[PDB]
Amino acid sequence: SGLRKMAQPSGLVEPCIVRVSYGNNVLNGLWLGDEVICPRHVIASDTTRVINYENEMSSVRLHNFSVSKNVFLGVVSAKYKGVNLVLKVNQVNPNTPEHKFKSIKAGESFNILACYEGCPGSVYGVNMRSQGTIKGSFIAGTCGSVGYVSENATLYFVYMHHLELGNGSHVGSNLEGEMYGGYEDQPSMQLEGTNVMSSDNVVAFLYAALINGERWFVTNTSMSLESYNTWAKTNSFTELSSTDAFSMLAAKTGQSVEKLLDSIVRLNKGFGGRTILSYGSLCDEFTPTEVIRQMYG
Amino acid sequence: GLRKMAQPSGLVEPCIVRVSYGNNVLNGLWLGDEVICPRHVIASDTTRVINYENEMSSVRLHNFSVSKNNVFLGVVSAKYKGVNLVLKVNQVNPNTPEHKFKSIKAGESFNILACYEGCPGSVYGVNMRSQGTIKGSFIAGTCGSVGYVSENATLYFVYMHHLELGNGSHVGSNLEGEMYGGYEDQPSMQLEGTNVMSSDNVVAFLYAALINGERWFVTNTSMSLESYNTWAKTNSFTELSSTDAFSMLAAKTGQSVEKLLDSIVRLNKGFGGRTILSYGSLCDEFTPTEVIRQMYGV
Ligand SMILES: *C(=N)[C@H](C[C@@H]1CCNC1=O)NC(=O)[C@@H]1[C@@H]2[C@H](CN1C(=O)[C@@H](NC(=O)C(F)(F)F)C(C)(C)C)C2(C)C
Ligand SMILES: *C(=N)[C@H](C[C@@H]1CCNC1=O)NC(=O)[C@@H]1[C@@H]2[C@H](CN1C(=O)[C@@H](NC(=O)C(F)(F)F)C(C)(C)C)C2(C)C
């Protein structure tokens with residue numbers, strides 16, 4: 001039946017995206033109520049070198065702002081909230097959805113609505129890596145793009161884009177102005193720690209493969225949870241607290257997690273020219289609930 | 001990296017409705033006072049071969065139940081149009097978007113709004129394969145989910161899901177009732193023929209891997225376009241009509257198309273153990289226009 005990296009519908013988020021400009025910098029902002037949130041580096045006079053954000057805030061002028069969506073809104077108030085700029089504007093968004101704010105932990109998945117100059121362009125799914133970054137595809141002009149997730153009909157805003165590390169990783173903020181991974185919103189070479197892959201997600205990915213008729217990687221072998229967790233700590237893998245999150249998947253496929261744990265250790269050395277749903281290497285991008293919901297509704 | 005993206009779904013979501021007839025529950029597309037949906041909904045047994053006109057003559061319109069959130073759309077007329085069921089309802093959709101109907105061709109990308117029993121659930125991009133199938137993720141209750149694509153602000157409805165073949169390939173139709181690939185909407189053994197790889201989309205895929213710093217598959221050898229087309233006729237790849245579509249990509253990457261055509265023939269037999277953009281084999285779901293926009297915007 002298939003497995004694809006899916007995005008949640010974005011109909012509630014698109015009417016809240018706006019264009020935000022200051023001088024020669026233009027990016028996107030999130031319009032909720034009578035306030036606009038956007039990365040604070042929109043007011044930097046020179047993103048070339050390291051920015052003194054206190055100087056840029058002292059030299060700010062509200063008239064130099066422009067916040068528009070197809071409709072122009074004047075800015076009446078500007079203030080820093082963490083690495084985020086918070087702008088009050090003279091009009092309340094009539095399409096403000098019921099929403100909350102949250103932060104994303106490692107291994108969790110959420111949806112990226114990538115936008116360009118206030119125009120929502122595309123939407124796709126991502127997965128939070130252990131160092132506080134995501135493998136997005138942000139390019140020039142995508143700062144301010146919003147991340148979100150829906151849980152039990154509750155809309156959460158969880159991500160706003162900011163920068164791209166030298167290794168290509170993408171660093172963003174939550175919507176209280178706190179940058180993921182402790183990175184700075186400065187144009188300087190910042191290093192990313194070694195990536196610890198989520199064993200919970202890798203196991204779910206292998207279960208998705210079994211449900212789609214892939215089976216060459218499971219043998220008459222089964223590795224113990226403590227034995228796997230010892231292997232995990234020396235090969236940059238999360239330790240599995242238990243196998244309880246896979247009871248349903250294990251009964252439907254008739255394959256235990258312990259059998260799947262042995263395959264991970266074997267598959268970590270390479271697939272040997274074979275495929276697992278087109279992947280040539282292990283993939284920790286799908287959570288267990290992501291898989292269970294896509295395979296069984 | 002190279003990721004499959006989907007155009008946003010704000011215009012499509014409010015047109016999705018839940019259509020149920022007997023024991024069948026699926027989706028429908030509510031446009032004005034017309035609700036299009038797969039015609040198999042009106043069938044009493046989806047396990048055996050279906051007489052569609054005999055079921056149309058026994059169609060009691062009071063048994064339909066069209067629904068969106070809390071609006072109940074009474075069906076006043078029902079008629080076949082190809083493999084699709086076209087219902088006339090007593091209420092016009094106040095959120096009908098400006099749209100047209102389009103037909104996707106092989107090697108072209110579009111978006112899927114995967115809806116489950118009338119509720120829009122997820123959004124993802126797909127690609128049209130030579131035999132009229134796509135490779136997505138559909139399960140029970142997702143029939144009638146809508147394929148769409150926007151070009152220069154023009155919204156096109158292009159796909160409606162119908163069935164899954166035994167090999168996992170997914171089969172749908174356009175909004176005019178013409179089934180892609182010509183497959184029947186019957187629960188019978190139906191083979192998908194030989195799949196033919198779009199060489200346009202593989203060259204685009206290999207270029208995106210060059211921008212991502214993956215260059216182990218490029219050597220110093222080249223291969224003519226004419227000689228690649230001769231090789232493609234017997235290896236189930238489409239022929240290349242021009243190297244012009246990749247003139248931007250070839251300039252930014254420093255590799256002519258002919259050098260990656262040689263890469264195609266080599267990597268077609270297997271990557272030898274290495275990977276490309278996390279793939280284990282050649283991928284052809286990304287058009288040149290797709291790759292260029294994702295890499296360079298504008
Ligand atoms: C805003 N639209 C961009 C988004 C970037 C463009 C490439 N991919 C993205 O996600 N963000 C920036 O331009 C920010 C901005 C200055 C520098 N910057 C960067 O992302 C740069 N990175 C760095 O300087 C580094 F290495 F330190 F992280 C860049 C080299 C352009 C990718 C500020 C204020 C951080
Ligand atoms: C409609 N909601 C489902 C969608 C299916 C469910 C699994 N993945 C999908 O794409 N499709 C159907 O109900 C259609 C419908 C009867 C049976 N059917 C199938 O898709 C079946 N396929 C075939 O019979 C086959 F292989 F021959 F094409 C099924 C075995 C359930 C996958 C009718 C009228 C074809």
Side-chain angles (χ1 to χ4, degrees), chain A residues 1-15 17 95 111-117 119-126 136-142 150 167-170 208 211-213 270-283 290 294-297, chain B residues 1-14 16 95 111-116 119-126 134-142 164 167-170 208 212-213 270-273 275-283 285 293-298:
Chain A
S1 300
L3 174 82
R4 312 281 285 197
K5 194 50 174 157
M6 271 164 182
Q8 286 178 320
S10 61
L12 304 172
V13 186
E14 305 176 34
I17 308 293
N95 304 305
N111 312 282
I112 287 293
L113 181 70
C115 314
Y116 181 75
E117 301 203 24
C119 328
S122 56
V123 48
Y124 54 90
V126 288
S137 321
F138 294 106
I139 55 173
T142 47
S150 200
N167 71 342
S169 324
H170 289 117
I211 291 153
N212 284 273
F271 287 11
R274 282 103 75 204
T275 88
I276 298 191
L277 307 190
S278 317
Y279 301 81
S281 41
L282 296 172
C283 161
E290 224 169 335
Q294 199 183 133
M295 308 282 116
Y296 306 116
Chain B
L2 173 81
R3 183 166 229 101
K4 200 70 174 158
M5 288 164 204
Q7 295 176 338
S9 43
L11 299 178
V12 181
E13 298 171 52
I16 303 307
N95 299 305
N111 322 276
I112 288 290
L113 183 54
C115 322
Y116 304 77
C119 179
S122 58
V123 190
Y124 59 103
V126 299
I134 62 173
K135 293 282 190 185
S137 161
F138 305 79
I139 44 176
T142 80
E164 183 178 313
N167 68 341
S169 279
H170 294 115
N212 214 64
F271 286 12
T275 54
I276 293 172
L277 287 159
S278 93
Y279 283 90
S281 47
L282 292 177
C283 176
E285 290 175 13
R293 158 176 76 233
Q294 187 184 132
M295 305 295 102
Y296 302 109
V298 176

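Reckoned from all heavy atoms, side chains included, excluding hydrogens, waters and symmetry mates. By convention in this document, chain letters (A, B, ...) are assigned in the order of the sequence lines, proteins followed by strands, and residues within each chain are numbered from 1.
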Enter the distance from B:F271:CZ to A:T275:OG1 here, rounded to the nearest 0.5 Å. 11.0 Å
Sort out for me which of B:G297, B:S169, B:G136, B:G168 touches chain A most, counting heavy-atom pairs under 4.5 Å. B:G136
To the nearest 0.5 Å, what is the distance between CD1 on A:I139 and CE on B:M295? 8.0 Å
Side chain to side chain contact (heavy atoms under 4.5 Å, CB included) filter on B:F138, not counting sequence neighbours, yields B:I112, B:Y124, B:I134, B:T142, B:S145, B:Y159, B:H161, B:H170
Would you say A:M295 and A:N212 make side-chain contact, with heavy atoms under 4.5 Å? yes
Max heavy-atom pairs within cutoff under 4.5 Å with chain B, candidates A:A140, A:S10, A:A114, A:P15, goes to A:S10
Just so I understand: if I count every heavy-atom pair under 4.5 Å between each of A:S122, A:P9, A:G2 and chain B, which residue has the most? A:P9
Options B:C283, B:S278, B:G121, ranked by heavy-atom pairs under 4.5 Å with chain A, top entry: B:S278
Whatever's closer than 4.5 Å to a heavy atom in chain A on B:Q294 counts as both
A:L277 versus chain B, heavy atoms under 4.5 Å apart: side chain, backbone, both or neither? neither
Looking at residues at least two apart in the chain, or sitting in another chain, which of them share a side chain to side chain contact (heavy atoms under 4.5 Å, CB included) with B:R293? B:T289, B:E290
